[PDB]
Amino acid sequence: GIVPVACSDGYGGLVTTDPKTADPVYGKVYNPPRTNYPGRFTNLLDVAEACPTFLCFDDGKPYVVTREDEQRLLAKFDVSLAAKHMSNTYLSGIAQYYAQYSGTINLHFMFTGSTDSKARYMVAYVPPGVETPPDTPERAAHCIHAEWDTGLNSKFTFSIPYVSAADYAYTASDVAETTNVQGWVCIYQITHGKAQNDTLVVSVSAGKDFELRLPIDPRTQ
Amino acid sequence: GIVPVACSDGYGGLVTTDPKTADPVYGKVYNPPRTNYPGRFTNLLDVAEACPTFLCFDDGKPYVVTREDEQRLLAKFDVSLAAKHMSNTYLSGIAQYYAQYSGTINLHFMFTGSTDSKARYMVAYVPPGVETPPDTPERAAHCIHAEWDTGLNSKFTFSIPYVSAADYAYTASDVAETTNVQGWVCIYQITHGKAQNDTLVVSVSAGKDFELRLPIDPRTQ
Amino acid sequence: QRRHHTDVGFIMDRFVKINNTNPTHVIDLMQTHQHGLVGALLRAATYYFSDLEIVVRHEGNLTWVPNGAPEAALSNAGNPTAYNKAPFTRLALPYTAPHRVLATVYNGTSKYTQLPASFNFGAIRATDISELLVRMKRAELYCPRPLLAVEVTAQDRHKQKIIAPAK
Amino acid sequence: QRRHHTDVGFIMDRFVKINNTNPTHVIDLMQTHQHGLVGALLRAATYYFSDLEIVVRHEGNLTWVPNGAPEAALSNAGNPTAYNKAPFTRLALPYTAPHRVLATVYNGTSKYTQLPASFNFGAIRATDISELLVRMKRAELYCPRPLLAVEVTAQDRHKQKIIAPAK
Amino acid sequence: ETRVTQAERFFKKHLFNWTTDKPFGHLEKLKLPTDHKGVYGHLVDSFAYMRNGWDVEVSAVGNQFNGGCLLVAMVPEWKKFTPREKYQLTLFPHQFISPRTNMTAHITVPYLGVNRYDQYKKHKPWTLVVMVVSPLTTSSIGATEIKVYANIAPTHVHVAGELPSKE
């Protein structure tokens, strides 16, 4: 006889992401070599890590200007991949296509003011705790924070730790869950000397352990 | 039980070039031997290399006659596999069934004139550069060229280099893309002695590294 | 961490609809929607090389001429012809373009805003083509390009409804 | 260079329609169109050896008698009779001609412009045949002959339009 | 093909005048190769196919009493950017120019494109891009304006297919 088979029910239909290949129609085609082609990237998060991109602050600019006012709070922004301050970021551009994420997110600070103007800054992270983040520059010294002074090295990096309930966090901030979703980072000016219009540009790159999980097609088509 | 199978959707159709064999109908038939049958070729480009064929010049003749005029440009033809001067060539006959090609093309020159008449010739190749090919017999000394004099050996071969942008080039010169497609070859007569009707026959063969890529069926049926 | 789902060979290897289909369609990957997953990730890279699998729903026999074949070669069955089965046709096409890698943005022209006509994977012809899916097999990308997220006009965040099992 | 596509066993290994089909057809490789891919590359050889695979769309049972069998042997089922399935019948036939190799041009006659009647692969019969495809397996070609390209009347080159993704 | 050593030399260039009234995102570009009046121009017009990279140096003359930031980058296959993706130009090879810390940038890129050789009279793969990240701020003791300069040179130039003269 011959091998008997059972035509199973429910199998065989087309799933637009099945792993099985198709029957070739045009064989023995050898394409021109592309050995040692410059600038090949195999994972999106690699270029997210290597290439930090700028944030979009108020008025639509990537820097904080010194404010000549009693308010010592330079800026506050949501720590999330769907925030206003992250709407023009490559990390958010990648993350919009995945459902869940987990890992560190780095922040890079650059001082672009004049040399004859010196200033001191502090940054702090506020986990999803207190109903109001520590607006005054003293209440925020209790949080996870770091400080750096401006000088020859205007480069300073600061990593946002990943704190949340689940192992994995959404990237698609929900209609529900109002108030502070997860967290805000606050930038404080400890002091400033002759800095009225001096700036500080802020850029974000993915952490060394950042990870995005479930590919989706969320945009309207 | 028995083997459960999934009758996949989209597979199983007949494709006129699928690599699967049919079920035999008349088994165990031994054909008469055809061992060492004379003249068997396994590759069309092997016979393209083996036997050069003549070009088709103006009036439809495989040779160029010496012109008793101030014009030192005897003949000039495009280097393409779908040209006038290559219309009656075996290489064009092969290449009409392939979409793309790449490699050297060789030109072979034979002198059929009288011994008492001597002449000198120069062949030059011009890649798709200047808008006007160097009709001047001296303006063409600046490109890739070679020269040969006439004597006992009236046979001389010239190799047309493969210069182009892409790795592979079309064998099917487009209805668009006017002007010089890629290349023309010019034959020059440095001098001639008592040569009023002496001829020179030009033949072309595929190069050592010539190659055709994509079989097609372009002719109207 | 396990970064297997942001691998460039994994995300691009899924079927994507090509919206504009014609009785004679020339397979170009730039015809993908710019905001789709694979479409946007393709626009985010300057150059790309890949094979192809096409799922075509058509009437009559489907012919495929490689890149560079004359448009008159689509009327002959000598070129790979697929006879239509019931649901649709699923083929596997190679990379037939002469260039080593294709491109998504071109700076200039190609004749002695519009990519040159040599950036395609071939052409397919039938009496009519109802639908066409393309799949990027062994895809590789080069020279990353900026990728944009949707903007929010005046809200604090993009405010989208997540699926909930609420009764 | 890689000449795998110019191989004589590769280029001839594809299906080709035979335009003239009758209820009782004698399979001859000379009945292919002279300007097709395989048709012309077959006319470009003097002697050819090949097996054969046929796709036949018929009504009723299809009988195949080998070369040299009488015409009256087509009305009996002892010869290979294929019962018609839904789409068509795909068989594989052997080479049954007495000669060691066949020929495309015959210089003269064979009885004590027309090749000898012994140059065929057998006969097939049904109630009718709508289409007939033939595929040459392990083809071998001998003694190359002139192969002609299309002629151009007055223009410099043959201008054929390539498939283009232009929008 | 052959490599030329006389065409790899610097070439000073003026990009733009960096003033205080130009806000963030003021974008200035310079497609390469530009109008070379030296050996490279003769190479371009007297040879058809060429491939080369570019080493770009960029300097802004000023003083430490001014503030501002300039992003210099080499965009492959340049395309116009709406202000949204100007925030993502760090993806391409880039450096920063800010009077506080540095004074001169240095970027080197290889040759890349769909064709192994390019005709730069048609296609310009690489492009110089300079923008204001933070606006130039000045005081009564600072310079009111800054002039930036281009410093470029083709690297590893490879050419084939020499062209005839035009005389």
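Residues numbered from 1 in each chain as written, not as in the entry; some residues may be left out. Chains lettered and ligands numbered in written order. Part of a larger assembly, values for the part shown. Heavy atoms only, no water. Residues with missing side-chain atoms left out of burial classes, pairs and counts.

Chain C has the name VP1 of capsid protein in the PDB entry, where Foot-and-mouth disease virus is given as its organism.

Looking at the PDB entry, one finds chain A named VP3 of capsid protein, with Foot-and-mouth disease virus as its source organism.

Draft legend 1. Spotlight on the side chain of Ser 154 of chain A. Secondary-structure assignment places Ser 154 of chain A in the loop between β10 (144–149) and β11 (155–160). Classification of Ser 154 of chain A by relative accessible area gives buried; the value is 4%. Ignoring any residue separated from it by four or fewer positions in sequence, one finds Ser 154 of chain A in contact with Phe 109, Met 110, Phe 111 and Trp 148 of chain A together with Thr 101 of chain E. (Helix = DSSP H or I, 4+ residues; strand = E, 2+ residues; numbered from the N terminus. Buried < 20%, exposed > 50% of the residue type's maximum accessible area, 1.4 Å probe, protein only. Contact = heavy atoms within 4.5 Å.)

Draft legend 2. Inspection of the interface of chain D and chain B at higher detail. Opposite the 61 residues of chain D that make contact, chain B presents 66 residues. Listed by contribution, the elements that provide at least two residues to the side of chain D that touches chain B are α1 (8–11), α2 (37–43), β3 (45–49), β4 (52–59), β7 (89–93), β10 (128–135) and β11 (140–144) of chain D. Broken down by element, the side of chain D that touches chain B gets its largest block of residues, 5 residues, from β11 of chain D. Among the residues forming the side of chain D that touches chain B, the class breakdown is 34 nonpolar, 11 polar and 16 charged. Where strand β3 (residues 40–41) of chain B lies against β11 of chain D, 2 bridges are found, and the strand directions are antiparallel. (Nonpolar A, V, L, I, M, F, W, Y, C, P; charged D, E, K, R; others polar. Pairing = 2+ DSSP bridges.)

Draft legend 3. Local environment of the environment of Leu 74 of chain B. All names here are of chain B. Within the element layout of this structure, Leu 74 appears in strand β6 (residues 73–78). In this structure the C-alpha to C-alpha distance between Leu 74 and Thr 220, which are 146 residues apart in sequence, comes to 36 Å. Aside from chain neighbours lying at most four places away, what touches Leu 74 is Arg 67, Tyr 121, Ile 187, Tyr 188 and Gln 189.

Draft legend 4. Fine view of the packing of aromatic side chains. Considering all chains together, one arrives at 29 aromatic pairs over all chains under this definition. Of the aromatic side chains, those joined through ring pairs into one cluster are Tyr 37 of chain A together with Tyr 47 and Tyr 142 of chain C. Here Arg 34 of chain B stacks its cationic end above the ring of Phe 49 of chain D, 3.4 Å away from the centre of that ring. Taking NZ or CZ as reference, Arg 14 of chain C lies 5.2 Å from the ring centre of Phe 10 of chain C, over its face. (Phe/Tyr/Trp six-rings, centres within 6.5 Å; stacked < 30°, edge-to-face > 60°. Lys NZ or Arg CZ within 6 Å of the ring centre and 35° of its normal.)

Draft legend 5. Structural context of the nonpolar core. By size, the foremost hydrophobic cluster in this structure holds 144 residues, and its most contacted members are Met 12 and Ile 54 of chain C. Per-element accounting of this core gives the leading share, 6 residues, to strand β4 (residues 47–61) of chain E. One finds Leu 45, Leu 91, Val 130 and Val 163 of chain B within the second-largest nonpolar core, a separate group that totals 92 residues. (Core = buried A, V, L, I, M, F, W, Y, C linked by side-chain atoms within 4.5 Å.)

Draft legend 6. Structural detail: the interface of chain D and chain C. Taken together, the contacts link 12 residues of chain D with 18 residues of chain C. Summed over both partners, the interface of chain D with chain C buries about 1,200 Å², with 63% contributed by carbon and sulfur atoms. Counting the surface chain D buries against chain C, the share from its top three residues, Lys 161, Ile 163 and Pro 165 of chain D, is 51%. The interface formed by chain D and chain C contains 1 salt bridge. At the surface where chain D touches chain C, the tally comes to 2 residue pairs in polar contact. (Buried area = accessible area lost by both parts, 1.4 Å probe. Salt bridge = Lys/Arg side-chain N within 4 Å of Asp/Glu carboxyl O. Polar contact = N/O pair within 3.5 Å; in protein donor to acceptor, adjacent residues only side chain to side chain.)

Draft legend 7. Structural view of the pattern of salt bridges. Within the structure shown, the criterion is met by 31 salt bridges over all chains. With a closest N to O distance of 3.4 Å, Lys 111 of chain C and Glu 177 of chain B form a salt bridge. Of this pair, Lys 111 of chain C sits in the loop between β8 (102–103) and β9 (123–125) while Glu 177 of chain B sits in the loop between β12 (169–170) and β13 (184–192), which puts the two residues in different chains. Classification of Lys 111 of chain C as partly exposed rests on a relative accessible area of 39%. For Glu 131 of chain C, the salt bridge is made with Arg 57 of chain C, and the minimal N-O distance between the two is 2.9 Å. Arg 57 of chain C gets classed as partly exposed once you look at its relative accessible area, which sits at 37%.

Draft legend 8. Geometry of the sheet that holds strand β15 (residues 211–212) of chain A. Residue and element names in this part refer to chain A. Taken together, 3 strands build an open sheet; the order of strands is β12-β7-β15 and the sheet is antiparallel. The sheet is open, and its two edges are formed by β12 (169–170) and β15, each paired on a single side. By the bridge criterion, 2 bridges tie strand β7 (residues 100–102) to β15 in an arrangement that is antiparallel. Across the sheet, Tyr 101 pairs through a bridge with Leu 212, a residue of β15.

Draft legend 9. Focus on the pairing of β3 of chain D. All names here are of chain D. In terms of burial, β3 is a largely internal element, 4 of the 5 residues being buried. Alignment of β3 against β11, held across 4 bridges, turns out to be antiparallel. The partner of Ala 45 across the bridge, within β11, is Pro 144. Bridge count between β3 and strand β8 (residues 102–103): 2 bridges; the pairing is antiparallel. Bridging from a neighbouring strand, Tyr 48 pairs with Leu 102 of β8.

Draft legend 10. Representation of the state of the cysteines. According to the stated counting rule, one finds 0 disulfides over all chains in the structure shown. This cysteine, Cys 143 of chain D, is not joined by any disulfide, and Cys 51 of chain B carries the nearest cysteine sulfur, 12 Å off. The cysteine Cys 69 of chain E is free of any disulfide, with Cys 51 of chain A supplying the nearest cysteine sulfur at 17 Å. (Disulfide = S-S within 2.5 Å.)

Draft legend 11. Here's a closer look at the relation of the copies chain D and chain C. Superposition record for chain D on chain C: RMSD 0.2 Å, screw rotation 72 degrees, translation along axis 0.1 Å. Both copies are brought into coincidence by an operation consistent with a five-fold rotation axis. Closest to the rotation axis within chain D is the C-alpha of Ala 86 of chain D, separated from it by 10 Å. (Least-squares fit on C-alpha atoms.)

Draft legend 12. A look at the environment of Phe 54 of chain B. Residue and element names in this part refer to chain B. Mapping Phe 54 onto the fold places it in strand β4 (residues 53–54). For the pair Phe 54 and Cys 7, spaced 47 residues apart in sequence, the C-alpha separation works out to 56 Å. Beyond its immediate sequence surroundings of up to four residues, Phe 54 is in contact with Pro 62, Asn 88, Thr 89, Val 201, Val 202 and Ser 203.

Draft legend 13. Local environment of the environment of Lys 76 of chain A. Residue and element names in this part refer to chain A. Residue placement: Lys 76 occurs in strand β6 (residues 73–78). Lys 76 sits in the partly exposed class, given a relative accessible area of 23%. In this structure the C-alpha to C-alpha distance between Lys 76 and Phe 57, which are 19 residues apart in sequence, comes to 9.5 Å. Excluding anything up to four places from it in sequence, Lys 76 contacts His 85, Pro 133, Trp 184, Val 185 and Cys 186.

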